[PDB]
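# Analysis of the macromolecular model
One-letter residues, chain by chain:
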Amino acid sequence: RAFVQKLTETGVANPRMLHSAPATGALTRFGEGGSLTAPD
Amino acid sequence: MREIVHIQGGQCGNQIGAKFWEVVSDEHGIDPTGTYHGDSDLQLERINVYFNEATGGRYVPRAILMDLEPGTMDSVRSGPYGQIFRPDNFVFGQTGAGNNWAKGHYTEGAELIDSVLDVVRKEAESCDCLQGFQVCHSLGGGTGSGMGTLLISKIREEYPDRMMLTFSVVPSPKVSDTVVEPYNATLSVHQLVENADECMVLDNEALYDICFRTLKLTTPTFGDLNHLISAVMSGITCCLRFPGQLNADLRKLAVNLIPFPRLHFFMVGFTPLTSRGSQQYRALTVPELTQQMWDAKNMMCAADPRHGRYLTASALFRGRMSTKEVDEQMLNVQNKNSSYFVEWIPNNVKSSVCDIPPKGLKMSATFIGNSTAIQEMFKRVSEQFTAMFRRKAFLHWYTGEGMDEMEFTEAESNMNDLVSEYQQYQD
Amino acid sequence: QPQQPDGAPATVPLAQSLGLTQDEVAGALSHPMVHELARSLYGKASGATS
Amino acid sequence: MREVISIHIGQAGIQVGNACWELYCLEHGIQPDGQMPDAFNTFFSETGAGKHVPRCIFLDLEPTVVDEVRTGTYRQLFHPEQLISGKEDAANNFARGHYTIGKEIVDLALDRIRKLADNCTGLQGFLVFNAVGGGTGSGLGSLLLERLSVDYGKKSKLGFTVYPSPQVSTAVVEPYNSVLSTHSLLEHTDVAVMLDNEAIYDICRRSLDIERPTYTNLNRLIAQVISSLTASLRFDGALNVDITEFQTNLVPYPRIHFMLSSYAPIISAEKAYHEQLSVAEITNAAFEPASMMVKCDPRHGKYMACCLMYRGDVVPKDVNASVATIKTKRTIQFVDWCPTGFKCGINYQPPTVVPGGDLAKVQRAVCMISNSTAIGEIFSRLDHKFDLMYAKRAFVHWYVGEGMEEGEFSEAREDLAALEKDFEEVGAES
Amino acid sequence: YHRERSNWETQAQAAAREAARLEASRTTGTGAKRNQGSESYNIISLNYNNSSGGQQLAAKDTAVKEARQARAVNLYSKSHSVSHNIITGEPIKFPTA
Ligand SMILES: Nc1nc2c(ncn2[C@@H]2O[C@H](COP(=O)(O)OP(=O)(O)OP(=O)(O)O)[C@@H](O)[C@H]2O)c(=O)[nH]1
Ligand SMILES: Nc1nc2c(ncn2[C@@H]2O[C@H](COP(=O)(O)OP(=O)(O)O)[C@@H](O)[C@H]2O)c(=O)[nH]1
Ligand SMILES: [Mg+2]
């Protein structure tokens, strides 16, 4: 169950973007409008 | 793959529902955080009946919590097994019904019913199949009584071919924490008799009597009363969640218990209740559970089973046991006192066996009784209603919210019509 | 989980028990065959564990 | 959120309000300056950082009591312009507080109420405190309840009014201001809680063993009645009974809205000697006729409805049993049409004790508010003294010349005649 | 950046304070004060709870057992007069298992 769950939650549709596998993003946050990124 | 959607209403339903989800989560091995840490493979096989799969392996209950004042949801969210519930299901009012059946039905219920219907449509349409709907509420109150009965009206109009199992706690003769229980209960039953497919009748005085005379508790609390309800509520769904030699859904218990559409008020009881002193001397055996099953003290209704004949009955045994003495024991009670059973229905009792007993018990059984003795608890509600309706007591509060005095009479007439067809089968 | 017998050997973990390399354990999910396995596991919604 | 706004009118209102808000501070740990060292939201609104101000106004025509609060032990607690004063008092006249001198001050009162109503998120009711004996509590109290009904429709109002005693009175125009104030609170005040002065003097004499009780000692335990009534809102309880719970469950008829008051455990600090009373004994004490806050015997009348407010460690079983034992008692008689009229409000915080107060620490307490037909003799006793003075037209020229017309005195009297009439026939068996 | 960072910090601090007080009320037992059972043992299955109340209940049960053992010793000792079984010559001992 953990095996299948981990493979399903790490699975991706396009195989060529898997090369990055071997900061969160704005749309994950959906808030902190003026606080996206930081100075310096 | 077939599921039950649970709806809790008001002060009573939220506390009863929180104890109900305390037991079935312990049965299926979900910790208060949410992760499955059970130690049985059969627990995980049927999770989808009561829990949704979430990310990270978490399970959230398929429950809708609704009320009209936010006091309950401060208490429910703060308790053990309390953070597993979805906050989107936490739909709340602000005014509070205040023990008024008309306030929850027409005035402030109406703005909240459109909100509670969207989350039911969100939860029922999210699955593949529905076994039915399970609701626990009160009749003497106002928050779960007036608002709950309109919810049953709209959900039956939208989903007409699905089961409706209601655990309604009725006003009590011995105890009474309110003044307008006969007003709210008579209006609730008049809305419930045509809409609810089946009904479990509960009361506080029978639960207090079980905790006192049978379970030997010196100072029982509402938590003790809600635990007896929770064991029975999980006992109805025993064959759904777990395999067995006999399988029975809510429709299996529906078809064997109502000869006619209007006789859908049952009385329930949980069998293996014993004080701590005599547990080692008592031999937990199928004749012992059957003896306590038909006993009048084990019933969780105000109706005395010796006064009225049982029309139909159901026994839901849990645990590894032989069906022969299961069948023979209910055969024995049909022949020992045949006057307590109806004559024109043969094989009055339905039996089903589940092979997974509850936690900490080797054997258990849940009893469902369709009895004509349940007319007597509705008469006392009707007797107290006619005590105050003839002098128009507390009626100006009800007519303020927009309900006329006319539909108190069809509420009165259908209460008297419901009991009148009960005595015609007792003879 | 059954309790281990007394005088247990205290067995070594699986990865370098069976001899996995650092490249394999780093790129276990990056292999195309593992990606196809994950795609089929996603496709089998509830029958993946069957 | 659950918020309540109380209004205190007249000399009795402010001095009760000094005593009641004294108890509300120590219940929530509020220091006298107004700084703590989520339950506080029902009575205190936090302003800025750490400053909590009461949700009440103190309006009085006489400036000699409001400045005592302004220089007393709670100067920093109240908002500086939340307390309303006047240049001259009504001087025991209902006509002055209603028409001539009450009109200029009442417009400033609604401005404070409207700003308090806008600040609170959800307002649940009004607790009005006034004395019908004096001019300011009667006249300005009647006008404030007149404007609050039109401005805030269908919102609940709780009336804690001090009626004159049959025996002990402090003024000769006590029945005149009481009769006229009764007409205003009949159709405007949703709940009237009966309070009497020397009935509490009897309670302090025989239970608190205070040989020389004062008005401050009277006001301390009448504050405990208000706190035990509102304790469901402030703290979590087994069976919460809100304000809107209370109206629809205690008044059977729209004009029968008068209820009695009783607080069950009353023991002095020395009189306790480390003992506790069970639930059944204090429930028997609440229905004891001499333990009530007004001088009416319930044996003559019959209990139309009842309400029990329990505090502290009370299990739900014995309070249900204590209801059953009271019902089987023959001395307490109930009306025939109401089979079950009791209530259970079980909060799980014991009532606190103020430092230096007469009341001792108790684990459990009962606040008993009950509708009964025994109030008919309460209105008849004020009617008996009023008819003696009105037949000779004594103490009337002050009322007539101050704007008020003569013919409305009979209009207020005939309403008490109707209020005496329907008390007899509703309690009559059918 | 300071302005909206302070705004989001106030929002998250309020949310975290609410979550922390709910978690504290959960772990101290104040939450669901309506629903805990008396005597700290499971009503349906006669088994001790996994809490300190259950541990103290087990301790009280052991103390009651010890007191009953003492009373049984007293009754046996002053029921038998001699250190000898009357029928068969045998030692007299307090029966335990
Ligand atoms: N129980 C109690 N009664 C009080 C208290 N203070 C005043 N009273 C009552 O009030 C009556 C005196 O009339 P008041 O209502 O105080 O007069 P007022 O409100 O100042 O009105 P004006 O004199 O016209 O300004 C007395 O008979 C008392 O019964 C108090 O602190 N406790
Ligand atoms: N078994 C049980 N009964 C309850 C509980 N809470 C309230 N009741 C009963 O319900 C009646 C009043 O219900 P009420 O609080 O008005 O329900 P509401 O409509 O949601 O406000 C009382 O007589 C109680 O005996 C509970 O947690 N468990
Ligand atoms: Mg004055």
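The rules behind the values
- Residues numbered from 1 in each chain as written, not as in the entry; some residues may be left out.
- Chains lettered and ligands numbered in written order.
- Part of a larger assembly, values for the part shown.
- Heavy atoms only, no water.
- Helix = DSSP H or I, 4+ residues; strand = E, 2+ residues; numbered from the N terminus.
- Buried < 20%, exposed > 50% of the residue type's maximum accessible area, 1.4 Å probe, protein only.
- Areas by Shrake-Rupley, 256 points an atom, 1.4 Å probe, with all protein chains shown as cover.
- Pairing = 2+ DSSP bridges.
- Contact = heavy atoms within 4.5 Å.
- Axes fitted to C-alpha atoms, helices over the stretch in contact; angles between N-to-C directions.
- Buried area = accessible area lost by both parts, 1.4 Å probe.
- Salt bridge = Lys/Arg side-chain N within 4 Å of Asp/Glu carboxyl O.
- Polar contact = N/O pair within 3.5 Å; in protein donor to acceptor, adjacent residues only side chain to side chain.
- Parallel < 35°, antiparallel > 145°, perpendicular 65-115°, else oblique.
- Nonpolar A, V, L, I, M, F, W, Y, C, P; charged D, E, K, R; others polar.

- Method information in the entry identifies cryo-EM as the source of the structure, with 3.7 Å recorded as the resolution.

- The name the PDB entry gives chain E is Unknown protein, with Chlamydomonas reinhardtii as the organism.

- The name that the PDB entry assigns to chain A is Unknown protein, with the source organism given as Chlamydomonas reinhardtii.

### Considerations on the overall build of chain E
- When helices and strands are tallied, chain E shows two helices and zero strands.
- The principal-axis extents of the C-alpha atoms in chain E amount to approximately 100 × 25 × 20 Å.
- Here chain E, with 97 residues, has 15% of them falling under the buried criterion.
- Of the roughly 7,600 Å² that chain E leaves accessible, carbon and sulfur atoms contribute 53%.

### A few points about the sheet that holds strand 1 (residues 2-9) of chain D
All names here are of chain D.
- Across the sheet, ten strands lie side by side as 5-4-1-6-7-8-9-12-10-11; this open sheet has mixed pairing. Every interior strand has two partners, whereas the edge strands, strand 5 (83-84) and strand 11 (345-346), have only one.
- For strand 1 and strand 4 (residues 56-59), the ladder comprises four bridges, and the chain directions are parallel. Paired with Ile9 across the bridge in strand 4 is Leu59.
- Its contacts with the sheet place helix 5 (residues 135-151) against strand 1, strand 4, strand 6 (122-131) and strand 7 (157-163), and it is angled at close to 145° to strand 1.

### Here we look at the interface of chain B and chain D
- In this assembly, 34 residues from chain B lie in contact with 29 residues from chain D.
- Taken together, the two surfaces of chain B and chain D that pack against each other cover about 2,900 Å², and 52% of this comes from carbon and sulfur.
- Its largest share of buried area at the contact with chain D, chain B owes to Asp177, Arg391 and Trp397 of chain B, together 23% of the area lost on that side.
- Counting across the chain B and chain D interface gives zero salt bridges.
- Across the chain B-chain D interface, the total number found is nine residue pairs in polar contact.
- Within the residue set of the side of chain B that touches chain D, elements represented by two or more residues are helix 8 (204-214), helix 14 (375-389) and helix 15 (395-400) of chain B.

### Here's the deal with the packing of helix 7 (residues 197-206) of chain D against helix 8 (residues 215-234) of chain D
Residue and element names in this part refer to chain D.
- Interaxial distance between helix 7 and helix 8 falls to 10 Å at its minimum, and their mutual angle equals 90°. What the angle tells us is that helix 7 and helix 8 run roughly perpendicular. For the pair formed by helix 7 and helix 8, the contact residues are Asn197, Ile200, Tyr201 and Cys204 on the first element and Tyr215, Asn217, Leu218, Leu221 and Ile222 on the second.
- Among the residues making up the contact of helix 7 with helix 8, the classes are represented as seven nonpolar, two polar and no charged.

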